[PDB]
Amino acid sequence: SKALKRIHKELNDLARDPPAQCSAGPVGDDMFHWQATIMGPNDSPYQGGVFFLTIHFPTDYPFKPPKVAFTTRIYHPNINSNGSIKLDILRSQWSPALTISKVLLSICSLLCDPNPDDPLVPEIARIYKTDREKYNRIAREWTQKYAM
C-alpha cells in the first residue's frame, strides 16, 4: 500500500536527522502502529519527564492524518487527561506534505507554547493564562508523578 511505502520514507527520514529529544518508531510487527517519546523541554514545567505517545497511521495515510495521543498523563491546556491532543495539524490543517517529524515538532512546540485561547481543557487554559506560576507548579508536579 502507498501508506506503507510512505511510512518507511518518514521512518528513514527520522533516522537521517533525528529531532533532538524526540524519538519514534513502530511498536512491533505493525508498521502502522508507532510509539513516540517526547522529553519534557528544559525550561518548561515538563523538564525531566518522558512523555509517551501512541501514533497510528490510518489506512488512508497520508490523505488523512496520523492519530496521535499521549499515553503519559500531562497537565496542559490542549491535552486532556485521556491524552487527546487538540492541535490543528492533527485535524483541520493536516496536509499530506506534513511528516511525522513535523507532527512531533508541533507537539513539542505545543508543550512549550500552549494555545490557551483555543483549549481542550478550559480550566487549565485559564490557569495558564492568568496564573502561570500555578500552571507551572501543577505541571511540574504532574511531570514528577506521571512522567518520571
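All residue numbers refer to positions in the sequence shown, first residue = 1.
Averaged over Cα atoms, the B-factor as recorded in the entry is higher for 19-27 than for the other of 122-130 and 19-27. According to the PDB record, 3-11 carries the higher mean C-alpha B-factor of the two stretches 3-11 and 137-145. Per the deposited record, 62 carries the highest C-alpha B-factor of all listed residues (83, 116, 45, 62). Within the selection 55, 79, 107, 97, the deposited Cα B-factor values reach their highest point at 97. Ranked within its chain, residue 102 lands in the middle third, by CA B factor from the PDB record.
The deposited CA B-factor of residue 32 belongs to the highest third of values across its chain. Residue 41: CA B factor in the highest third of modelled residues in this chain (values from the PDB entry).
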